[PDB]
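J.: test case, fold it:
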Amino acid sequence: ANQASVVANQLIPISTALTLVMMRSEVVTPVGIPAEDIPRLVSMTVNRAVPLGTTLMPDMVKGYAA
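T.: Numbering: from 1, shown residues only. There you are, the coordinates:
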């Protein structure tokens, strides 16, 4: 129900390390990576470009294993 996920606050280019201004928290469906993990995502890279408003799903962040 009120599960918030990490949403791309801007376009995240491929092979670019995540910084805190790149991601917001939002209740979206389907649910993606929990918003609690944003500190943890800082500096991991994405393996595809993530357009603005896309929910970051587990399979897009290299090294993400929760």
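J.: switch to C-alpha atoms for all contacts and neighbour counts from now on
T.: Fine.
J.: what about the residue sitting nearest the centre point of the chain, distance to residue 45?
T.: Nearest to the mean C-alpha position of the chain, by Cα atoms, centre = their mean, lies residue 56 at 3.5 Å. The gap separating residue 56 from residue 45 is 12 Å, by Cα to Cα, to the nearest Å.
J.: was I right to think the residue nearest to the centre of the chain contacts residue 32?
T.: Yes: between residue 56 and residue 32 there is a contact under Cα atoms under 8 Å: 5.9 Å.
J.: what are the boundaries of the strands in the chain?
T.: Assigned strands in the chain, in chain order: 5-8, 23-26 (criterion: DSSP state E).
J.: what packs against the first one?
T.: Taking 3 or more Cα pairs under 8 Å, 6 or more residues apart in numbering; DSSP states H and E as the contact definition, the neighbouring helices and strands of strand 5-8 are strand 23-26.
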